[PDB]
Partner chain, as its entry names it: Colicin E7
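For reference, the chain that follows is the form solved without the partner chain, supplied as C-alpha cells.
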C-alpha cells in the first residue's frame, strides 16, 4: 500500500489489482475491505469499485483495462497520474 497513485507504476498497480483478485476468494473479507478502501482512496475515480466489478462494456475487463481508464480520467481532470517505470 502506497500513499498515492503517483507512487505506483502501472505494473505495481496491476499487482495491487491482483492482490484484490486473490482476496476475492479469501475465506473472510477482512483484507479485501482494506484493499478496496485503499483502491477507492488513491484512484479517486467516480466509479469506485465498479471499475473492478462492473466494467464498461466499451472497455477491456482486465487489470490493464482498469489502469487505462484511471490514467485517462486523471489526465482529463488535470490530476497527476502514475509514476513512469
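Numbering follows the first chain given and starts at 1. Between two forms, the rigid core is the largest collection of C-alphas that superpose within 1.5 Å.
Across the superposed structures in 6 other deposited structures of this protein, aligned by the core, the stretch whose Cα atoms lie more distant on average is 57-65, chosen from 9-17 and 57-65. Comparing 21-29 with 67-75, the higher mean C-alpha B-factor in the PDB entry belongs to 21-29. Here the stretch with the larger average CA B-factor, out of 35-43 and 51-59, is 51-59.
We do not show the form solved in complex with the partner chain, though everything after this point is about it.
Remark: residue 36 counts among the residues lining the partner chain in the bound PDB entry, judged by a heavy atom distance of 4.5 Å or less.
Mapping the unseen interface onto this chain, residue 42 falls outside it, with no heavy atom inside 4.5 Å of the partner chain in the bound PDB entry.
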